[PDB]
Amino acid sequence: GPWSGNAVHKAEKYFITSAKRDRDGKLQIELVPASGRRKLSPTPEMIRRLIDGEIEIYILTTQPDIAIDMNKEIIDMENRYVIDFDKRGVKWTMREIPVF
Amino acid sequence: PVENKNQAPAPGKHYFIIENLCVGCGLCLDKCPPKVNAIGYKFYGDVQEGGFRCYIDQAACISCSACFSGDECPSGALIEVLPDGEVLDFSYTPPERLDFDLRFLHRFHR
Amino acid sequence: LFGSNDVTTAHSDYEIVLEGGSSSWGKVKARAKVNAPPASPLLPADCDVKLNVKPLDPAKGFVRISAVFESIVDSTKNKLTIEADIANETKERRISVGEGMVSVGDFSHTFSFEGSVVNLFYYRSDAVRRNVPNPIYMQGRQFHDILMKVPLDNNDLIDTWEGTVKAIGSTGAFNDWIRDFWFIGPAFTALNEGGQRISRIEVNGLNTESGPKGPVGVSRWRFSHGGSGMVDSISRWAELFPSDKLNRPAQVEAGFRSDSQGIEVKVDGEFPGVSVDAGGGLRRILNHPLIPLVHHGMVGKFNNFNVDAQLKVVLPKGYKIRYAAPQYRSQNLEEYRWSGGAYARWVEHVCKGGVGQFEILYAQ
Amino acid sequence: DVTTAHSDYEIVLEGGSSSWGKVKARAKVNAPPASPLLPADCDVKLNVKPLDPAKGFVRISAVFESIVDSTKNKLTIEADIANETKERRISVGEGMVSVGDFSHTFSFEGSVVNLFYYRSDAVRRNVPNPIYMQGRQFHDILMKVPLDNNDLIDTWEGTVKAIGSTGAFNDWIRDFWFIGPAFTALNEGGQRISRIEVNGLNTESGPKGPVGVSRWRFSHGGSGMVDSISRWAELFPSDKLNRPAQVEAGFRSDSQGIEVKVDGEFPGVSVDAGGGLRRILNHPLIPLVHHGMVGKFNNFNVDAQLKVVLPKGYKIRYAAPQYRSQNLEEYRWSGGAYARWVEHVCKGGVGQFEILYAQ
Amino acid sequence: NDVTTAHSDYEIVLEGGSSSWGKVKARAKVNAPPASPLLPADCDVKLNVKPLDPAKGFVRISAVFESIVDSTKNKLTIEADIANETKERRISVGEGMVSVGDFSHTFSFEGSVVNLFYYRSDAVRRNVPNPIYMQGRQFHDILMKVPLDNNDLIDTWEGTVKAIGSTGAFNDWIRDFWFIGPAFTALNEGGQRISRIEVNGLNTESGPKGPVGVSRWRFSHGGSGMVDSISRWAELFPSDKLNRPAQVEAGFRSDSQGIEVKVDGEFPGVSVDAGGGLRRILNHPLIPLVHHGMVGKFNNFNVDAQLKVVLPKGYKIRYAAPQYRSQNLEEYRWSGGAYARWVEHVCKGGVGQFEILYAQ
Ligand code: BCL
Ligand code: BCL
Ligand code: BCL
Ligand code: BCL
Ligand code: BCL
Ligand code: BCL
Ligand code: BCL
Ligand code: BCL
Ligand code: SF4
Ligand code: SF4
């Protein structure tokens, strides 16, 4: 179980690259697993996996913010973004360079 | 009859760190050359509750890749972005496997 | 002294629990651990196969099968789920209506299919069935008329559909070269190595229809699967389909895990067609289909191995074993266990693809 | 225990005036057979008598008495065969099958035109020993089968109905033609058989009632691995035949093992590879591959010996792995390398064993 | 005396940087008899590639097959210019000479190979990180000219003229002629299906010193994914990666006692970026594996194999399957164990993968 795949992640960690908001919304939002060999698209089957809990997609910070107000605009702590508006999504924070 | 000659001796970059995932162990600091000093501790609160994390100064950090190639991160916060944009928690993650156990009926493990 | 050293080892266990009376039901539990490397170009391949089946109302038949394949290959997750009602219209024809879905990694597509399979032996001679006790080889041919409809919700489906529409009209050799596409891997080799021949498909006209639940590509095509005689899908049409034996639901939870150091196979199953009645009041475990053996022969001859194989036929109290060649090693009052010696030789024979017989005849 | 195959081989050669040879082979292997029907006890007797060598017509009598799954089936053929030309052969004969209780007679008149794809003197001059010679064989066979049994009549009616419909019947008769893995053996041996051409399916009056007339043609392939096209003149030593030649080969196969007994006195065992050298006939490759597909199925240790008795005054000069023992006039191949070659050919190896003997 | 063992040494010296440009040194010896009715069978093959012009993209390849079989010497030399016009269509212009015994014929050829994959789905390439089984079709169109300077050669051309003009089934039997012997089996064991050819032209124009027979013909190779030529067409031709004249010598000698093989040479394309930042030593082409298994199944053998992958400094192997036994801090060594089982696997025709992933 844990030894299969990356041992840190309970669910498959799918980071979201900065594919965004450059051509009719850029529906081909780039989802990349922790393995990183493949580069998938956000098809409804990936959403089925994500709601199944087997995978979990995460937004990074140090990049052009990915449709940050067009995907979802809940900004209570700036990290309340959800895809199907009832997702309970989690954002990865990186104040890498802006902090001392 | 005739054959040709043979010889055969065989026989006889822009690395980032996710502070949400980072736990503040600082092996990146040990893996960084002292002349650069890219890895640095940032303190948030009580040390025993996670407290300080680590950060990279992008301008100072110039494509050494020692941190990630060392593969010393326990938390997987040390990430590498690629020119095409893929992100790597680890250099080589083990493959995901469909796990289900084996029990022979007549063997002693049944 | 001995030759062919440095052999690997395969440890295998099998159990066939038969059911007494007119019920030909069996419970097959098999385990295998092989230390030989697999023949997978994408080696880390683990597949779990859940084949459920349920008796729908037998007024018209239409037993319902439900197959779920989940395969992780090179850390690529694939899942195929098919639920289909299948019914033997007559002894030669079969008609099915079903739905299903594939899902590889990210791309998934659902299909709704109907299918008329007309299976005809190249000959039905009274003399043959009069003279032979059990014809294992039987020449014949299947004709599948398959109408499959797929909503083109994904853009990949749309591009592929446009490509296929252009191809079927631009090239008449498509009907041939589609066979080249039809075998994804070494299946083209296994086709001729298994005795199967596949005729050029005859398209009846694939067309798109505007569906409220997404546009649907509806493709109707017929293809002919001829058999040299080794093919279970043709020669054993009477079998392969528990038309009246499904008085109870049945299941299979098979699976394997294959990686650079080994293969791990676990099969649990309940099958209604394990036992076949024979002449003289004898009943036997069904003759092994030869397509499995031959198709396994391609990969079974890649390493030299020694097999430690056990098999337990839990025979019903009302039956006594007969005509067992190889013979049984351990004799219980009702159970019968084959292991070692000649049976081990047979296991090594069929692991490499040898189509040999393991006649086990049980009777009252 | 362990699968160990013991094979005792011996060949005795006449020389000078004859290319004849007497062969005895006793094989016993513990591996199970690859027959879906387990017990198979078959005996084969082939007797070729020179009816007339001047005419070229030699009479081959072939009886195959087999017991498979407690079913006794006996095939028999008698055929006068003659080379009309070096490319075309003509056969006229009669036979019958005796499968179980069913039995049917057939009278066959056939012509086989074995044409080479290419015949180049450049190829003939260099690379002298021709093995992979490709060619096409056009077989045209007319079969007369008396329709007596009502099941037989039903079969005849079924086939004449199947030829009325089923425009692709010629291609699918190939799938019917080969009961089991023989369709795979087509490709394994390299032969590709084309769609047959049925010149005529008809009935004809006769003393035994109607006789089904079946004239049909087909084409045996041209890879070159198959030896029917590569050695067209070698397989048929009509000129070298002057006495009856007899081969009795029988195998008894139980799940416990296979026991083979072969006793064959035949012409054509010695062929002159070059000037002053006589060679044992080169191994046909189609049997090697067709039996290798079966022999690959089980690991085995090998105990093999080969005894060669030459014509008096001849000695072995060149040899694939040399003879293990040599008595005067007797050579014995055994030990390591010969066992390696035997294990090679059991599993389908087409490697050579070039035994050259000279006066 | 009864033991048959295979002794093999392998050395893969990769070079630093994005370009692989690796050197392969392989020695092999096996006591099993060869699967060749003509023995002894000796062969020397020299393949040297030279960058003719980087701006034009033209590369030049010379292959010299020298062989001795049954005390007969055959030599196929061929110099060719390969040029990638498009990612599907590729052109070739070359000249060569086949000398068998006293006979010798020179040939020239213009040739276009158009390789088209059946499925160009973005879904498959998006999901599968390592595409192995890629179906497709290669259309070859070859115009080959040979001086008819020999009477036997003239006879061959004349007989072929009549053969083409007489039989309409010639396009099927020409495959039997071309696939001489076990080759016709191998194409079925490797997923290769060959369509009937089409003879566009068959004519003769005469040069002042002798006649020239010109034959233009097309054929269609068809790969069911297992074929290296189709599935790895891009990995086939690393012309962009080639700036230095690369070359490989390969000689195998086959007496009935044993087979001895030596393959020494450098060439690009050994390692490709598999994604995820790890360079992968290229996947094994499966056609060699199955075609060699065809003859390797014929006998059993003990395995004594040793592979020595020489990484360039600064790079480490992150994945090996099976694992490396020993490491010299730059050289990773696979000797015995599951690597021996994998060597047995591939010798007998196994298509199992050996994932060598290495990175900075
Ligand atoms: C060295 C010899 C070894 C050995 C070495 C190997 C090697 C080497 C390989 C295997 C492989 C396998 N072996 Mg093994 N194996 C040994 C002995 C065993 C034993 C045992 C001890 O009893 C068992 C239980 C097995 C069992 C298995 C399987 C787990 C596996 C093949 C899966 C298969 O069925 O796919 C079924 C596949 C298909 C049906 C093909 C699908 C593709 C084609 C294009 C489509 C076909 C038609 C389609 C399905 C029709 C659908 C529609 C119809 C309506 C139904 N082997 C011996 C001792 N084994 C192989 C494996 O899978 O590796 C990962 C493999 O590579
Ligand atoms: C595999 C060898 C033959 C073959 C032989 C058969 C046979 C035999 C049958 C069909 C049937 C069907 N075939 Mg088919 N068919 C093949 C190739 C194909 C291909 C293709 C690969 O392109 C397609 C699209 C089809 C299409 C179809 C459908 C029209 C139809 C119903 C499918 C369905 O219910 O599956 C559902 C999917 C499965 C259940 C997946 C698993 C398949 C395996 C083979 C089942 C093994 C059973 C196991 C040993 C015992 C299970 C016990 C459990 C308790 C259930 N065939 C090849 C040529 N085909 C059926 C029919 O006639 O319908 C009218 C039928 O009876
Ligand atoms: C669409 C496919 C076809 C079909 C194709 C075949 C073929 C072909 C064969 C059978 C065989 C059998 N099938 Mg069926 N069969 C169909 C319909 C059915 C139904 C049903 C009412 O739906 C049932 C319950 C059965 C039940 C059975 C048994 C009578 C018999 C196996 C007995 C044995 O001991 O198995 C014990 C077997 C197991 C322990 C192994 C099971 C292995 C795996 C799980 C299934 C086989 C396929 C392949 C290896 C794996 C998946 C590959 C792809 C992902 C599809 N069939 C459908 C319509 N079936 C086999 C038999 O022996 O025929 C005489 C056989 O070869
Ligand atoms: C594991 C390795 C084992 C081994 C494994 C096996 C196995 C396993 C089997 C055999 C089988 C056989 N083996 Mg063995 N065998 C070993 C060692 C040997 C040795 C030896 C070293 O001395 C010998 C001589 C043999 C010899 C034999 C044969 C007696 C037998 C196959 C009969 C045959 O000719 O059918 C030839 C039959 C054909 C030609 C039939 C063709 C059918 C088709 C449909 C008809 C097409 C048309 C027809 C050809 C046309 C002819 C036209 C006329 C020319 C006019 N084995 C090694 C050590 N062997 C088989 C056996 O005995 O079966 C019961 C078998 O399954
Ligand atoms: C085997 C490869 C080829 C083949 C190659 C040849 C060759 C070569 C010859 C024929 C010949 C004949 N072929 Mg044919 N033929 C094949 C398959 C067929 C089939 C079929 C059902 O597939 C048919 C209908 C025929 C029809 C016929 C007949 C018209 C004719 C005489 C047969 C005979 O007397 O057999 C009787 C059968 C027996 C004697 C048993 C034969 C066993 C083996 C194959 C040969 C004997 C040698 C044996 C190894 C050692 C014994 C030595 C003894 C002294 C004989 N062939 C396949 C496709 N055929 C002959 C001819 O040209 O006729 C005009 C001929 O010379
Ligand atoms: C081998 C499997 C396929 C095949 C696949 C390919 C591939 C792959 C290529 C060609 C190409 C060519 N093909 Mg082709 N082709 C085959 C059969 C044929 C036949 C025939 C009747 O047998 C003919 C006439 C041709 C004709 C031709 C030419 C038009 C052209 C250049 C040949 C040349 O320079 O060779 C010179 C001779 C050789 C170099 C001899 C050795 C060949 C082997 C295959 C090389 C392997 C290299 C080794 C693994 C690594 C070497 C490192 C070295 C440093 C280079 N092909 C079969 C069916 N064909 C090329 C092209 O597209 O041209 C436009 C090309 O890329
Ligand atoms: C032991 C072998 C491994 C394995 C090893 C490999 C290897 C190695 C390769 C692939 C490749 C592929 N495999 Mg895989 N893969 C396995 C299991 C699966 C399963 C699954 C059971 O869930 C699926 C869906 C797939 C799917 C795929 C694709 C991602 C890809 C081929 C693309 C293509 O052109 O296909 C087209 C395929 C078809 C034309 C064949 C026909 C499809 C099926 C059989 C049709 C019948 C379906 C159904 C049962 C019928 C009834 C319903 C009908 C609607 C009537 N694999 C098993 C476990 N796979 C290749 C790759 O990625 O290529 C880039 C590759 O190199
Ligand atoms: C005319 C031939 C074709 C062609 C056909 C093929 C085929 C087919 C294959 C390769 C393969 C390879 N080729 Mg190439 N290739 C062509 C052009 C080139 C050029 C170039 C710029 O000219 C270069 C540098 C290469 C380089 C390469 C490598 C990237 C790769 C082998 C990797 C390895 O480690 O091999 C290890 C090295 C070897 C084992 C050395 C082999 C040396 C011998 C002398 C050549 C092979 C002989 C073969 C077995 C028999 C041929 C007999 C025929 C009758 C001619 N190719 C030309 C245009 N090449 C393989 C690969 O993986 O492709 C992706 C592959 O499958
Ligand atoms: S990449 Fe180099 S500079 Fe940047 S943190 Fe690592 S060691 Fe320091
Ligand atoms: S190694 Fe990982 S946990 Fe430790 S300081 Fe670096 S990023 Fe944080």
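Reading the values: rules and limits
- Residues numbered from 1 in each chain as written, not as in the entry; some residues may be left out.
- Chains lettered and ligands numbered in written order.
- Part of a larger assembly, values for the part shown.
- Heavy atoms only, no water.
- Contact = heavy atoms within 4.5 Å.
- Buried area = accessible area lost by both parts, 1.4 Å probe.
- Salt bridge = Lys/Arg side-chain N within 4 Å of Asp/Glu carboxyl O.
- Polar contact = N/O pair within 3.5 Å; in protein donor to acceptor, adjacent residues only side chain to side chain.
- Helix = DSSP H or I, 4+ residues; strand = E, 2+ residues; numbered from the N terminus.
- Nonpolar A, V, L, I, M, F, W, Y, C, P; charged D, E, K, R; others polar.
- UniProt positions renumbered as here; feature names shortened; annotations may be inferred.
- Buried < 20%, exposed > 50% of the residue type's maximum accessible area, 1.4 Å probe, protein only.
- Near = heavy atom within 4 Å.
- Pairing = 2+ DSSP bridges.
- Arc of directions from axis to C-beta.
- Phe/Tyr/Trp six-rings, centres within 6.5 Å; stacked < 30°, edge-to-face > 60°.
- 1 Å grid on protein atoms, 1.4 Å probe; cavity = no way out; pocket = protein on both sides within 12 Å on 5 of 7 lines; lining within 4 Å.
- Points joined across faces, edges and corners; volume = space filled by probe spheres on them.

Comments concerning the interface of chain B and chain A
So, point 1. If you look at the interface, chain B gives 32 residues, while chain A gives 29 residues.
So, point 2. Of the roughly 2,600 Å² buried between chain B and chain A, counting both surfaces, carbon and sulfur atoms make up 53%.
So, point 3. At the junction of chain B with chain A, the criterion picks out one salt bridge.
So, point 4. In this structure, the connection of chain B to chain A is made through 15 residue pairs in polar contact.
So, point 5. Elements represented by at least two residues in the side of chain B that touches chain A include exactly strand 1 (16–17), strand 2 (39–42), strand 3 (53–56) and strand 5 (87–88) of chain B.
So, point 6. Ranked by residue count, the leading element in the side of chain B that touches chain A is strand 3 of chain B, at three residues.
So, point 7. Classifying every residue of the side of chain B that touches chain A gives 17 nonpolar, six polar and nine charged.

Some remarks on the UniProt feature "binding site: [4Fe-4S] cluster 2" (unreviewed entry) in chain B
Residues and elements named next belong to chain B.
So, point 1. Per the UniProt record, "binding site: [4Fe-4S] cluster 2" (unreviewed entry) is found at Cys32, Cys61, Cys64 and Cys67. Taken together, the annotated residues stretch across 36 residues yet fold into one region, lying no more than 10.9 Å apart by C-alpha.
So, point 2. Counting through the fold element by element, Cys61 comes out in the loop between strand 3 and helix 2 (66–70).
So, point 3. When its relative accessible area of 22% is taken as the criterion, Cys61 is described as partly exposed.
So, point 4. Those residues within four positions of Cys61 in sequence are excluded, and the remaining contacts are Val36, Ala38 and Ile56.
So, point 5. As for its position among the elements, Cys64 is in the loop between strand 3 and helix 2.

Here we look at the site of ligand 6
All names here are of chain E.
So, point 1. Residues in contact with ligand 6 amount to 25 residues; listed here are only the nearest, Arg90, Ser92, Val113, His140 and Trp178.
So, point 2. Contact between ligand 6 and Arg90: an oxygen atom at 2.9 Å from a side-chain N or O atom of the residue.
So, point 3. With respect to ligand 6, the side chain of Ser92 contributes an N or O atom lying 3.1 Å from an oxygen atom.
So, point 4. Elements represented by at least two residues in the shell around ligand 6 include exactly strand 3 (41–53), strand 4 (58–69), strand 5 (72–84), strand 6 (89–100), strand 7 (103–117), strand 8 (134–147), strand 11 (210–225) and helix 6 (233–236).
So, point 5. Residues that form the shell around ligand 6 fall into these classes: 18 nonpolar, six polar and one charged.

Considerations on the pairing of strand 10 (residues 198–207) of chain E
Residue and element names in this part refer to chain E.
So, point 1. Where strand 10 lies against strand 11, nine bridges are found, and the strand directions are antiparallel. Each residue of the ladder has a partner; that of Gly201, found in strand 11, is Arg216.
So, point 2. The hairpin turn running from strand 10 into strand 11, its antiparallel successor, is two residues long.

Regarding helix 1 (residues 44–52) of chain A
So, point 1. Residues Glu45, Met46, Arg49 and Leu50 of chain A constitute the buried set of helix 1 of chain A. All buried residues of helix 1 of chain A project into a common sector of 150° when viewed along the axis, lining one side. Residues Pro44 and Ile51 of chain A are exposed on helix 1 of chain A and point more than 90 degrees away from its buried face.
So, point 2. Check the buried side of helix 1 of chain A and you find it contacts strand 1 (12–16), strand 2 (31–33) and strand 3 (55–59) of chain A together with strand 5 (76–87), strand 6 (93–104) and strand 7 (107–121) of chain C.
So, point 3. Two residues or fewer after helix 1 of chain A comes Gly53 of chain A, characterised by a positive phi angle close to 85°.

Considering the packing of aromatic side chains
So, point 1. Evaluation of the coordinates by the stated rule reveals 50 aromatic pairs over all chains.
So, point 2. Ring plane angle 20° and centroid distance 5.5 Å describe the contact between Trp221 of chain C and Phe223 of chain C, whose orientation is recorded as stacked.
So, point 3. Relative to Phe179 of chain E, the ring of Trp178 of chain E lies with its centre 4.1 Å away and its plane at 25°, an arrangement referred to as stacked.
So, point 4. Overall, the relative accessible area of 36% leaves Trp178 of chain E in the partly exposed class.
So, point 5. For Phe179 of chain E, a relative accessible area of 12% corresponds to the buried category.

Considerations on empty space enclosed by the protein
So, point 1. Within this model, the largest cavity holds a volume of roughly 200 Å³.
So, point 2. Around the largest cavity sit 19 residues that line it, and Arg37 of chain A, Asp74 of chain C together with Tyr319, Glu355 and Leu357 of chain E are the ones nearest its centre.
So, point 3. In terms of residue class, the lining of the largest cavity is built from 10 nonpolar, five polar and four charged.

Structural notes on the sheet that holds strand 5 of chain B
All names here are of chain B.
So, point 1. Read from one edge to the other, the open sheet built from three strands follows the order 1-4-5, with strand pairing classed as antiparallel. Looking at strand neighbours, the two that pair on one side only are strand 1 and strand 5, the edges of this open sheet.
So, point 2. Pairing of strand 4 (residues 78–81) with strand 5 involves two bridges; the strand directions are antiparallel. Looking at the pairing, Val81 lines up with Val87 of strand 5.

Here we look at the site of ligand 10
So, point 1. The immediate surroundings of ligand 10 are formed by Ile17, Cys22, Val23, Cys25, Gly26, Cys28, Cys54, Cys73, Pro74 and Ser75 of chain B.
So, point 2. Its residues assigned to classes, the shell around ligand 10 comprises eight nonpolar, two polar and no charged.

Things to note about the UniProt feature "binding site: bacteriochlorophyll a 7" in chain C
All names here are of chain C.
So, point 1. If you check UniProt for "binding site: bacteriochlorophyll a 7", the listed places come out as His295 in our numbering.
So, point 2. Within the element layout of this structure, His295 appears in helix 6 (residues 290–300).
So, point 3. By relative accessible area, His295 is classed as partly exposed at 29%.
So, point 4. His295 has contacts with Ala190, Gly194 and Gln196, leaving out every residue within four places of it along the chain.

Concerning helix 4 (residues 182–189) of chain D
So, point 1. Of all the eight residues making up helix 4 of chain D, seven are buried; the element is thus mostly covered by neighbouring parts of the structure.
So, point 2. Of the residues making up helix 4 of chain D, those classed as buried are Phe183, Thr184, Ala185, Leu186, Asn187, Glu188 and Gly189 of chain D.
So, point 3. Where the residues of helix 4 of chain D are buried, they touch helix 4 (187–193) and strand 9 (196–198) of chain C, helix 3 (169–177) and helix 6 (285–295) of chain D together with helix 4 (183–189) of chain E.
So, point 4. Positive backbone phi, at 100°, marks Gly190 of chain D, one or two positions downstream of helix 4 of chain D.

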